[PDB]
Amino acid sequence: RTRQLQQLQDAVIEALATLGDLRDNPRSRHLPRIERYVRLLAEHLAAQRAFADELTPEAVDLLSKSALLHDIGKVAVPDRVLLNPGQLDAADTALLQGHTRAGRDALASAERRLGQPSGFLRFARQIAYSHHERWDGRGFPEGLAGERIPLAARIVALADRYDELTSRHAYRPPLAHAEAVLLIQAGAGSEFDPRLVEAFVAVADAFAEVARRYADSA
């Protein structure tokens, strides 16, 4: 019926999120992988009582598409910080962390424009802000902890770590799947909601399939 506009939105968002990665992550399939990793975890969690209210099939879809915007705030990070492979002094680390606030601000201003609130923009905004929060309260930028982190950001944090481990960086090749799994498991209760780790372990073979099929070009 109104697919024409929904497809146009998806294409535009995909294109521009991709530009937003150009400075620190060019030539990557990060974004379509993250989307699928998020969807898989969200689908599995949706079958369980603790999450089914929040994760309706409509919510799962919006959540997954909004995960594409997690890092659009990186334009607030100067080249010298973003392209520095080494360790950062504390004021530069603060600039790198501010990617979350900048993404949050832009998306919240977009929300205030709408008469009928948008689930899409609300998930996108929660994710952009809170995707580097840690279950134990030691992440950034607010140090939220436990169920005070929005569910969408908790899902994305795990997807994002899996993706980072199983893709290329200047310092190394991707880690093998089995090792990434042990590394994500190790973060249960510190980095990640232990229930999301449990969901991840049940879908991990599907994660390995996405990582292979949507692998970066050589």
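Start at 1 and count along the sequence shown; that's the residue number.
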167-175 or 37-45, whichever carries the higher mean Cα B-factor: 167-175
Mean Cα B-factor comparison, 110-118 or 134-142, giving the higher one as deposited: 110-118
Most elevated Cα B-factor in the entry, residues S64, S190, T56, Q185: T56
Third of the chain, ranked by Cα B-factor, where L8 sits: highest
Chain third (lowest, middle, highest) by recorded CA B-factor, residue given as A50: highest
Chain-wide C-alpha B factor ranking for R80, given as lowest, middle or highest third: highest
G86 - Cα temperature factor, lowest/middle/highest third of chain: highest
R125 - which third its CA temperature factor falls in, relative to the rest of the chain: lowest
